[PDB]
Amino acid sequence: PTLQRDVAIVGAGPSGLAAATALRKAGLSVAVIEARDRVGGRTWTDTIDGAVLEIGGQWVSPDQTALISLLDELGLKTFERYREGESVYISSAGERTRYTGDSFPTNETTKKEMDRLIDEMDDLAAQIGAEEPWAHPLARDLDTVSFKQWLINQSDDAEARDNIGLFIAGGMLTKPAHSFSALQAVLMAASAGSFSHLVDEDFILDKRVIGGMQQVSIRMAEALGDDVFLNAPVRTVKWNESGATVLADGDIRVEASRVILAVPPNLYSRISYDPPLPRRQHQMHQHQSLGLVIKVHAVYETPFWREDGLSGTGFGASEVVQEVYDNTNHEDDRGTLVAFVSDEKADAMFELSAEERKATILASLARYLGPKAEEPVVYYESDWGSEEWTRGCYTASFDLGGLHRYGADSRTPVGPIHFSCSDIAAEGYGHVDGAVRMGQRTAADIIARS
């Protein structure tokens, strides 16, 4: 059918829904048009082989105040990731060492170099900020050198560089360090409130939502009722000065004063725009791309590692699995691990059979926490790259040199067309907290003009 609303919202991930929520609060009418048969986009709770698993985004850090606010406003509660006992570090040389502490048990040299790099990243993020990295006088220099090359420029120590890289590269951008810029690294750190925050997993991986993160979008959408349309990919946006018409599958047609495109940048061109967007959007959008990470879930009879006095945390820059954490659900007696294979290493695992990939990842888990890890009861791999309405994970980021060249244009509305996703956020960049922020900023920006 066909309908009028003040704002048409394309995509019902946490960013779009957040916008829809805030717009309704201000007495403005919305239609949220979603491609999938569900809401929540890159967040998604589902039962696989009888195990409740968080396929997408799931964690909540203390600096994520927009989201903490929304959580409390929607009546959802949180809980700590388990953290008692020792973490496991696996060196460049493949040596596994248990440790407690805020810093990795490397030799002194690497330890000092790490600390110098953490401080140096903290200072650059404090000076540069997550709001407009591109506008800082240091932006050009920082954004035309890869994070790889920058680290080489700063430190002679292979292992320290690799370990710093782990936190940004496989940690947040899920692209290799040779493919994004020092500026982009800085911007990541600023968005979490600092690099030290990215380093301490007790911070960035603090808490989860009882009921899973998808509940955040499900609740916002339940409150929107018939104004949320599922199974409706948006194909065309006709627009002008006064407003737009959004066409979607199942003969849907929304006429509105403003549009929010609440989809990750790499999918903007999935929609035909009549007339075509300006040259600048045409170019900038090509330079944006998602990372790749396999998010691995293994479920065990008990959380077995806790008996050996381990926390379930592992870090290993040179391992096929780079991070692992305890991801035992609230009140579950079965133990659950979450592990990550990133960028080029995810490619390599995807090049193997489903069966040979699982053996290889499980062997890696085994090198962290012992051979009981090769005996899971449920095993599952997240696969956002295969999904036509995502195409990777966790976030889209500019190619090398893209951020300073295009950054300032990335949120600018084009006539009635607005843009909101976590991939272009300031604080919370790439995280649910970002999606929520961008949605709310988009709504406010729309309110102020109307």
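Residue numbers here begin at 1 and follow the sequence given.
Set 418-426 against 37-45 and average the Cα temperature factors; 37-45 ends up higher.
Of the two segments examined, 102-110 and 162-170, it is 102-110 that shows the higher average Cα temperature factor in the deposited entry. Of all the options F79, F315, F147, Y268, the entry's greatest CA B-factor is assigned to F79.
Of the candidates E120, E319, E95, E355, the one whose C-alpha carries the top B factor in the deposited record is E355. Split the chain's modelled residues into thirds by C-alpha temperature factor. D63 is in the highest one. Compared with the other modelled residues of the chain, the Cα B-factor recorded for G225 ranks in the highest third.
Annotation for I55: C-alpha temperature factor in the middle third relative to the rest of the modelled chain, per the entry. Annotation for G407: CA B-factor lies in the lowest third of the chain's modelled residues. Looking at the C-alpha B-factors along this chain, the one for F203 belongs to the highest third.
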